[PDB]
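S.K.: Here it is: the structure, laid out below.
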Amino acid sequence: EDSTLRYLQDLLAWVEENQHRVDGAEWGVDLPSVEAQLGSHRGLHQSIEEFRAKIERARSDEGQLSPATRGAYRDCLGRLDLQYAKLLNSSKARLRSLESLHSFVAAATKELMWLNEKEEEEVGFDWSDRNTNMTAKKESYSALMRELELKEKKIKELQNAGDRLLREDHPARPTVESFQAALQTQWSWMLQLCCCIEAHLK
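Just remember that PDB author numbering sits 544 ahead of the position in the sequence shown, which is counted from 1.
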């Protein structure tokens, strides 16, 4: 009777609270925070997929109702199939977006650390007059240029990847943009460093 209506409304409420959960969730602002959101959403998404079994069971118990109540029951089933479809598609899209975000953020983080580490090294080296071997200094700078020429292509590859996500209207725009800005800033610092260095080689 009403224990029936209550069960269908319970399933509806579950779907509805999770729609709320998916719709309002964060994306992350750095590698560890994005990984956490992705990890968390993977479990939520599995749970949503698994929820289907409860709907197909409610669907199965269809033939258990008397003729006078099958109509209303099916109506409610239709609402449930509908809301669930919305939820599942929202959850898939969130997973997809989290995966592409994580991939981009992970690659950018790696290149930011490489750049920062390279800067430390090159700052440590004695480029000044105290180092009297101008030949050795020139050979080091050349080796640096060689490395940066390769690295620059990778950085460009990353910026483009970010642009693709934006063109895609990725819902984590702010995080993507902030990593694009971070990469460009670090690159400019590296370029600046190269200028300081060549000042000692003239």
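C-beta atoms are modelled at their ideal positions from N, C-alpha and C, and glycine is treated no differently.
Decide if the stretch 687-700 is in contact with the stretch 639-649; the criterion is three or more beta carbon pairs, one per stretch, under 8 angstroms apart.
M.R.: Not touching, per the Cβ criterion.
S.K.: So which of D574, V573, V559 has the shortest CA-CA distance to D567?
M.R.: Here residue 567 refers to the residue found at position 23 of the sequence shown. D567 has its Cα closest to that of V559, out of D574, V573, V559.
S.K.: What did DSSP end up calling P576 once you bin it into helix, strand or coil?
M.R.: Working through the sequence shown from its first residue, we reach residue 576 at position 32. Helix at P576.
S.K.: Are the beta-carbon atoms belonging to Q563 and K636 less than 8 angstroms from one another?
M.R.: The residue labelled residue 563 in the question sits at position 19 within the sequence shown. The residue labelled residue 636 in the question sits at position 92 within the sequence shown. No, they are not a contact pair.
S.K.: Out of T719, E721, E666, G706, which one is the CA nearest neighbour of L735?
M.R.: In the sequence shown, the residue the question calls residue 735 occupies position 191. Checking every option, the nearest Cα to that of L735 belongs to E666.
S.K.: Beta carbon of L555, beta carbon of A602: below 8 angstroms?
M.R.: As a working note, residue 555 is residue 11 in the sequence shown. As a working note, residue 602 is residue 58 in the sequence shown. Yes.
S.K.: If you reduce the DSSP assignment to three classes, tell me which class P715 lands in.
M.R.: As a working mapping, residue 715 is identified with position 171 in the sequence shown. Coil at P715, not helix or strand.
S.K.: How do the stretch 722-739 and the stretch 698-712 stand: do at least 3 beta-carbon pairs fall below 8 angstroms, yes or no?
M.R.: A contact exists between the stretch 722-739 and the stretch 698-712.
S.K.: Taking only the alpha-carbon atoms, compute the straight-line gap between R623 and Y551 and give it to the nearest angstrom.
M.R.: Here residue 623 refers to the residue found at position 79 of the sequence shown. Here residue 551 refers to the residue found at position 7 of the sequence shown. So the two alpha carbons sit approximately 14 angstroms from each other.
S.K.: What do you get for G607, buried or exposed, if any count of 16 or more other CB atoms within 10 angstroms of its CB means buried?
M.R.: Residue 607 sits at position 63 when you count from the first residue of the sequence shown. Flag for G607 reads exposed.
S.K.: Does DSSP put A569 in a helix, a strand or coil?
M.R.: Taking the first residue of the sequence shown as position 1, residue 569 is located at position 25. It is coil, neither helix nor strand.
S.K.: Just verifying my parser: in three-state terms, what is the DSSP assignment at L745?
M.R.: In the sequence shown, residue 745 corresponds to position 201, counting from 1. In the structure shown, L745 sits in coil (DSSP, three-state: anything other than H, G, I, E or B).
S.K.: Is the CB-CB distance between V578 and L645 below 8 angstroms?
M.R.: Here residue 578 refers to the residue found at position 34 of the sequence shown. Here residue 645 refers to the residue found at position 101 of the sequence shown. The answer is yes: Cβ separation under 8 angstroms.
S.K.: If you draw a straight line from the C-alpha of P611 to the C-alpha of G706, how long is it?
M.R.: As a first step, residue 611 must be located in the sequence shown, where it is residue number 67. As a first step, residue 706 must be located in the sequence shown, where it is residue number 162. Cα-Cα distance, rounded: 57 angstroms.
S.K.: Tell me whether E561 is buried or exposed, calling it buried when 16 or more other Cβ atoms sit within 10 Å of its Cβ.
M.R.: By one-based count along the sequence shown, residue 561 stands at place 17. Burial call: exposed.
S.K.: Which residues in the same chain have their Cβ closer than 8 angstroms to the Cβ of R618, if we skip the five residues on either side of it in sequence?
M.R.: Numbered from its first residue, the sequence shown carries residue 618 at position 74. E606.
S.K.: With 16 other CB atoms within 10 Å as the buried threshold, where does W733 fall?
M.R.: Against the sequence shown, residue 733 aligns to sequence position 189. Answer is exposed; the Cβ neighbour count stays below 16.
S.K.: Going by alpha carbons, who is nearest to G668 out of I741, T548, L575?
M.R.: On the sequence shown, position 124 is the one that residue 668 refers to. Of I741, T548, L575, the residue nearest in Cα terms is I741.
S.K.: Given a cut-off of 8 angstroms, decide if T719 and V649 are closer than it, judged by their beta-carbon atoms.
M.R.: For this step, residue 649 is matched to residue 105 along the sequence shown. For this step, residue 719 is matched to residue 175 along the sequence shown. Against a cut-off of 8 angstroms, the Cβ pair of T719 and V649 comes out as a contact.
S.K.: Counting only the same chain and skipping the five closest in sequence on each side, list residues whose C-beta sits under 7 angstroms from that of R717.
M.R.: Locating residue 717 in the sequence shown gives position 173, where the first residue counts as 1. Within the same chain, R717 has close Cβ partners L710.
S.K.: Can you name, in chain order, every residue of its own chain whose Cβ lies under 7 angstroms from the Cβ of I592, other than the five neighbours on each side?
M.R.: Start at 1 with the first residue of the sequence shown, and residue 592 comes out as number 48. Correct list, in chain order: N562, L631, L632, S635.
S.K.: Measure how close the beta-carbons of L702 and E664 come, nearest whole angstrom, since I'm counting them as under 8 angstroms.
M.R.: On the sequence shown, residue 702 is found 158 positions in, with the first residue counted as 1. On the sequence shown, residue 664 is found 120 positions in, with the first residue counted as 1. Their Cβ separation, rounded to whole angstroms, is 21 angstroms, which puts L702 and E664 out of contact at 8 angstroms.
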